[PDB]
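Peer 1: Quick one: this structure, given as structure tokens, is what I'll be asking you about.
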Amino acid sequence: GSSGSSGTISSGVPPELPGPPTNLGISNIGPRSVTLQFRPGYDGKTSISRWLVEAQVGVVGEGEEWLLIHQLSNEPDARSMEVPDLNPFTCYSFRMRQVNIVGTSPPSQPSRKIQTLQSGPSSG
């Protein structure tokens with residue numbers, strides 16, 4: 001953009017909403033816990049208050065709903081985090097979200113389909 005009208009701005013300015021974080025990846029996929037990496041695109045002239053991590057059950061496509069599963073509060077300096085409470089031996093997805101004094105941004109592109117390890121003994 002490139003424009004501006006008469007006036008001044010120096011006293012009080014409300015914050016804005018963040019942006020959709022990218023560079024999402026699914027690594028260290030454990031049994032019921034995995035590490036979801038990401039990067040804060042646009043904070044919104046304000047640090048994040050809490051990150052929202054949603055996921056879907058089996059079916060990973062439109063029509064269904066996305067509910068929260070993992071959320072990191074008070075930690076705007078967390079490039080990545082672990083997502084506990086995961087369904088083992090089940091195809092699930094994961095996303096990211098930013099929350100600030102403004103509000104909660106929309107859902108970001110979901111990660112590729114993966115397979116959670118099994119919950120129990122299984123070695124050798």
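Peer 1: Could you tell me the center-to-center distance, by alpha carbons, between the stretch 1-41 and the stretch 75-124 in angstrom?
Peer 2: 18 Å
Peer 1: How long is the gain from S47 to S73 if the chain were fully straight, where each residue apart is worth 0.36 nm and the alpha carbon distance is subtracted?
Peer 2: 8.2 nm
Peer 1: Consider a paramagnetic label point 7 Å from the Cα of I29 along Cα→Cβ; state which residues of the stretch 63-105 have an amide N under 11 Å from it.
Peer 2: So the set is 89-94.
Peer 1: Go ahead and run the numbers for FRET between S2 and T22, Cβ-Cβ distance against an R0 of 30 Å, rounding to 0.05.
Peer 2: 0.70
Peer 1: Okay, next question. Label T104 and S10 with points 7 Å out from Cα along Cα→Cβ: what is the distance between them in nm?
Peer 2: So the label points at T104 and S10 sit 3.9 nm apart.
For neighbour counting, all protein chains shown are included, and Cβ atoms are generated from backbone atoms with ideal geometry for every residue, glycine included. Computed from the coordinates by the stated procedures, all read-outs in this text should not be read as laboratory data.
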